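Only one chain is given next, in structure tokens, and it is the form deposited in one PDB entry.
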């Protein structure tokens, strides 16, 4: 297994993993599938922001991917990012999520980001454990803020502070 930066050529595999998350999981709270061109667009936008898109690979097959984006739109949140880590359903129970997330955190420090936030369905105990093991702490428990598959969903935020330096000048 290796983890590397994604290329344009990885976007078809990313699309499959994204669409799986969308249709068959509560790991992303979006409802419709996209095409490869859409994930290329998304990929380019991330590149434009200087944000990382990582893939895990095994025997030349993309087994997972990870990225982060801005957590919120306003200026004041510009050092807080929110991650997305998705593992292909043929490839979990192999610790790829944690390895992807660890690498992502490193990239977040290179971008000077101050906090990484994870948005986790509150009932996902496995994800909560994985995040605790990387030093994340639970800072939100928000009932019924989401909706999917005919039910209201509860959201947990967890976060990890990435440095103890001062904020930028006024």
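Numbering follows the first chain given and starts at 1.
In this crystal structure, the stretch out of 1 to 9 and 161 to 169 whose C-alpha atoms carry the higher mean B factor is 1 to 9. Higher average CA B factor: 43 to 51, of the stretches 43 to 51 and 118 to 126.
In this entry, the residue among 88, 78, 94, 99 with the greatest C-alpha B factor is 94. Ranking 141, 56, 38, 67 by Cα temperature factor from the entry places 38 first. Among all modelled residues in its chain, residue 32 ranks in the highest third by Cα B-factor.
Sorting the modelled residues of the chain by their CA temperature factor places residue 145 in the lowest third. Among the modelled residues of the chain, residue 108 sits in the lowest third by CA temperature factor in this PDB entry.
Although it is not shown, the form deposited with a small molecule bound is what the next lines describe.
Site annotation in the deposited complex: the residue of 120, 108, 62, 54 reaching within 4.5 Å of the small molecule with a heavy atom is 120. The closest heavy atom approach of residue 27 to the small molecule in the deposited complex falls within 4.5 Å. Though the partner is left out of this view, residue 94 does reach within 4.5 Å of the small molecule in the deposited complex, counting heavy atoms only. At the 4.5 Å threshold, heavy atoms of residue 133 reach the small molecule in the deposited complex. Remark: residue 36 does not count among the residues lining the small molecule in the deposited complex, judged by a heavy atom distance of 4.5 Å or less. The stretch that touches the small molecule in the deposited complex, counting heavy atoms within 4.5 Å, is 121 to 129, out of 138 to 146, 121 to 129, 108 to 116, 46 to 54.
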